[PDB]
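Chain residues, written in single-letter form:
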Amino acid sequence: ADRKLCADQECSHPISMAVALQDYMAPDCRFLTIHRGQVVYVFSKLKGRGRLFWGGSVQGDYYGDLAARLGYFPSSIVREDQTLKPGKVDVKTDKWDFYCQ
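Its PDB record attributes the structure to solution NMR.

As a further point, take the layout of surface pockets. One number sums up the size of the largest pocket: a volume of about 360 Å³. Looking at the largest pocket, it is lined by 13 residues, and the ones nearest its centre are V58, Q59, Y62, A68 and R69. Of the residues belonging to the lining of the largest pocket, the class tally is 6 nonpolar, 4 polar and 3 charged. Its boundaries defined by the atoms lining it, the second largest pocket holds a volume of some 260 Å³. Every residue along the wall of the second largest pocket is listed here: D2, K4, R30, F31, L46, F53, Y72, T93, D94, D97, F98 and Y99.

UniProt feature "domain: SH3": in the numbering of this structure it lies at residues 13–83. In residues 13–83, the share of helix is 0% and the share of strand is 41%. The end C-alpha atoms are 11 Å apart.

Glancing now at the packing of aromatic side chains. Across all of its chains, the model carries 2 aromatic pairs by this definition. Summarising the aromatic geometry, the rings of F31 and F53 are spaced 4.8 Å apart at their centres and angled 70 degrees between planes, so their arrangement reads as edge-to-face. On the criterion of sequence distance, the pair formed by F31 in the loop between β2 (16–20) and β3 (39–47) and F53 in strand β4 (residues 53–58) is long-range, its members being 22 residues apart. You can call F31 partly exposed: its relative accessible area is 21%. Look at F53 and you get partly exposed, because its relative accessible area is 30%.

This part is about the UniProt feature "disulfide bond" in the chain. Of the disulfides listed in UniProt, the one linking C6 with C11 is reproduced by the coordinates, which place the two sulfurs 2.0 Å apart. In this structure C6 comes out as buried when scored by relative accessible area, which is 9%. The partly exposed category is assigned to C11, whose relative accessible area is 38%. Per UniProt, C29 and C100 form a disulfide, and the coordinates bear that out, putting the sulfurs 2.0 Å apart. One end of the pair, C29, is in the loop between β2 and β3; the other, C100, is in the segment after β7 (89–92), and 71 residues separate them in sequence. Judged by its relative accessible area of 38%, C100 falls in the partly exposed class.

So, on to the side chain of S57. Locating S57 in the fold gives a position in strand β4. Among all residues touching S57, those that are not within four sequence positions of it are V40, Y41, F43, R69 and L70.

Here we come to the nonpolar core. The nonpolar side chains of a soluble globular protein tend to be buried with one another. Counting residues in hydrophobic clusters, the biggest one holds 8 residues: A18, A20, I34, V40, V58, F73, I77 and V78. The residues touching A18, leaving out its near neighbours within four places in the chain, are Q38, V39, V40, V78, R79, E80 and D81.

Conventions we followed
Residues numbered from 1 in each chain as written, not as in the entry; some residues may be left out. Heavy atoms only, no water. 1 Å grid on protein atoms, 1.4 Å probe; cavity = no way out; pocket = protein on both sides within 12 Å on 5 of 7 lines; lining within 4 Å. Points joined across faces, edges and corners; volume = space filled by probe spheres on them. Nonpolar A, V, L, I, M, F, W, Y, C, P; charged D, E, K, R; others polar. UniProt positions renumbered as here; feature names shortened; annotations may be inferred. Helix = DSSP H or I, 4+ residues; strand = E, 2+ residues; numbered from the N terminus. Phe/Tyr/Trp six-rings, centres within 6.5 Å; stacked < 30°, edge-to-face > 60°. Buried < 20%, exposed > 50% of the residue type's maximum accessible area, 1.4 Å probe, protein only. Disulfide = S-S within 2.5 Å. Contact = heavy atoms within 4.5 Å. Core = buried A, V, L, I, M, F, W, Y, C linked by side-chain atoms within 4.5 Å.

Listed below in structure tokens is the structure:
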């Protein structure tokens, strides 16, 4: 049972913003990396069972490839400074769980 909190009621709003607390090269596709001095943007935090596994995306907007790829990583690897979460409703994940085709 992995439930994550949403920054709204119908899940249509950002959570907050955080910074990278150090380098953390994800395993391999399954997750995203996090290098020092690298800001991030949380979109969905999974707690109540997997607090160590949050959900969001890193800052930045590369050209010729808009819409960054969201990933999952612990909070310890980052530090939330700014916030913009209007809501905090829980959202249970599905059994499927697709990632990295």
